[PDB]
Amino acid sequence: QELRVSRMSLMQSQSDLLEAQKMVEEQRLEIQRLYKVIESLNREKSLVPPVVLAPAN
Amino acid sequence: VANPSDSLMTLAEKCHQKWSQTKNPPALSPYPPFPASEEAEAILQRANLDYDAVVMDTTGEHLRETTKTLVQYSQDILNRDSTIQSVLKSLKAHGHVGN
Amino acid sequence: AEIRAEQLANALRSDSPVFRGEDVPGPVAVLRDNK
Amino acid sequence: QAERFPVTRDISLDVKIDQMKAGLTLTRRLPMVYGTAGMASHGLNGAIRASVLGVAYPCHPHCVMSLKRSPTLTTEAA
Amino acid sequence: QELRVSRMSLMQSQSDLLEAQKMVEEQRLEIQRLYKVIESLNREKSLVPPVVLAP
Amino acid sequence: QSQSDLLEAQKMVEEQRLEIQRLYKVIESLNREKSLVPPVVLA
Amino acid sequence: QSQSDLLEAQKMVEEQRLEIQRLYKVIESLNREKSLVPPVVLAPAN
């Protein structure tokens, strides 16, 4: 009866394993997407025009 | 001495009125440094301001005005305590009439 | 050293550059049933 | 000159974050001398685009014609 | 017939599973750090022009 | 020489201890509230 | 013994100094957040 325990264990562990590589490469694309956001937002953290105001009188 | 009812009624009315007019203490300001000189000159430089300009901090003025307003708010707290004691005495008298 | 440091401390007194306070403790042993 | 003087950089830099929030990646565009033209970039329908998106049509952030920002010029013109 | 999956080893399938799940956790805590600096930069009030007061 | 830098180190960490206590007020006093005021007064 | 201290105190001052620089970034954070206005600079003439 320990044979069918290892039957279900290997099928579930292998299904979770191929689950893992597709999921890691899915979060890898989200890593690349936000790294584009980081290198973008810091670049024009110096080119924003500062506003200046003067009194009416 | 006719209807302590109506008298205490007007008393508690004045109470509600003043009691509820909330008053918020002066607000806190950026921890002194802000906007940090080092950064101010950068702002005064990315502005392309024609006339050459300097950064005149005013932190001190804001802080002492806050001192004055907090002094005023403490005076307000004192006035409040006094009015509370007055209403207490008024209640004492109206209660004798009610007994 | 203690009387010297005290008597020339009054010269400043009449933001000190020192720590003055306590120390990090080390070894002190006592006599075995003697005092 | 077509590189640092582009056509449109959207209403703000907050909307670039908002496009990443529940959306897609960014766009990089490069300089182009010719071929950034057409309808709906700086034709007369770009004015309808400017009123809808919220931005200014001619020279998208401003209407710049001077070289230095002059507070004393604005006070005498007020 | 005994399956190909059944005749595999239990130790190697689990060791690759816990290593790969460790790699999932490595990446999630990197989304933690990346979205923390996106959220902080948005909420920073740094994405707004600073103000100057000329006379 | 070893205690020359040790009295310097103990004073440096004791004034740091009092100074960090003061900033330990400042990190949490800035919570306590919804928004602040500008430091400008003009005039 | 006088070298065990100055190696306890030197680590003590070094790690507190890094914590002080952390506090000068998180005060520098919480001050620019939770205020109505962007940083205000005053620019008069000379």
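By written order: A, B, C, D, E, F and G. Residues from 1 in each chain.
Here, a residue touches a chain if its C-beta (ideal position, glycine included) is under 8 Å from a C-beta of that chain, and two chains touch if they have at least 3 such contacts.
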Hop count on the shortest chain-contact route linking subunit C and subunit D comes to 3
Greatest Cα-centre separation from subunit C belongs to chain D
Taking mean C-alpha coords per chain and comparing to the overall C-alpha mean, nearest is chain G
Note: subunit G sits from subunit D at a C-alpha centroid distance in Å of 39
Per the C-alpha centroid definition, the whole-Å distance linking subunit A and subunit G comes out as 32
CA centroids of subunit F and subunit G: separation to the nearest Å works out as 8
Note: subunit E sits from subunit D at a C-alpha centroid distance in Å of 35
For subunit A, residue numbers touching 2 or more other chains are 34, 37, 41, 48-50, 52, 54-55
Expected list for subunit B, residues touching two or more other chains, is 30-31, 34-35, 43-44, 47, 49, 51, 53, 57-58
Among all residues of subunit D, those touching at least two other chains are 13, 17, 20, 69, 71
Residue positions on subunit E within touch of subunit G in the complex are 40, 43-46, 48-55
So, in the complex, the side of subunit E touching subunit A is made of residues 3, 5-6, 8, 10, 13-14, 16-17, 20-21, 23-24, 27-28, 30-31, 34-35, 37-38, 41, 46-55
The residues of subunit C that touch subunit F in their complex are 17-19, 21, 24
Contacts from subunit G onto subunit C in the complex sit at residues 1, 5, 8-9
In the complex, subunit E touches subunit B at residues 50, 52, 54
